[PDB]
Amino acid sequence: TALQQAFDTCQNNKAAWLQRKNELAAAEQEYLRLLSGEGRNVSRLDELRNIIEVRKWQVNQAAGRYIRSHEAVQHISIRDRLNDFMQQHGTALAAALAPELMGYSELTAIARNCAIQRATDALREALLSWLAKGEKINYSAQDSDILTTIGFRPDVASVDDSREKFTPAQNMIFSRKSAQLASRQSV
């Protein structure tokens, strides 16, 4: 399913994000070791300084991509579970909304928009009243394992990491440097 793929991608993206944070930390650590020593490796320091800049960008990109993949999983589940819900109870729901919705398949564009907006306001009010009961809400059983596994929201750390904005021109430079970093043989 699309949901399963979306979950595999989210899990992959979260790992990539944490991997980048590890790599950055490893570079920061080597840099600091050199700053703390007696030597003065001008070129190694300069190269590490460049690497650190690249890793920060990678952390930022990975964090954003992870957040979007996380939201994608939830978005797909909601859509799909709501479709199943309407399959079971659409008739009763529409019937309750009949004074707004009856004759929908015959309405003009302008009429359909009004009808949907008003039906939507009524639904919102009903949802709000039900929510006020304070009943605890669990995930749909069908998607509970996946939704539980991914967590309710991405950690704020990923939001902090992706806050910085990079232009397309910057992404061009950094994506080039990333590829260069990826083909480096350590020696």
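Position 1 is the first residue in the sequence shown; the rest follow in order.
Q: Which is higher on mean Cα B factor in this entry, 152-160 or 25-33?
A: Here the higher of the two C-alpha B-factor means belongs to 152-160.
Q: Mean C-alpha B-factor higher for 60-68, or for 116-124?
A: The stretch with the larger average C-alpha B-factor is 116-124.
Q: Ranked by Cα temperature factor within the chain, is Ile78 in the lowest third, the middle third or the highest third?
A: CA B-factor rank for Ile78: lowest third.
Q: Ranked by Cα temperature factor within the chain, is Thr167 in the lowest third, the middle third or the highest third?
A: It falls in the top third of the chain.
Q: For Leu181, return the chain-relative third of its C-alpha B-factor as stated in the PDB record: lowest, middle or highest.
A: Tercile = middle for this residue's CA B-factor.
Q: Once the chain's modelled residues are ordered by C-alpha B factor and cut into thirds, is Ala141 in the lowest, middle or highest one?
A: Highest third - that is where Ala141 ends up once the chain's C-alpha B-factors are sorted.
Q: Tell me, lowest, middle or highest third: where does the Cα B factor of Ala132 rank within its chain?
A: Ranked within chain, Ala132 CA B lands in the highest tercile.
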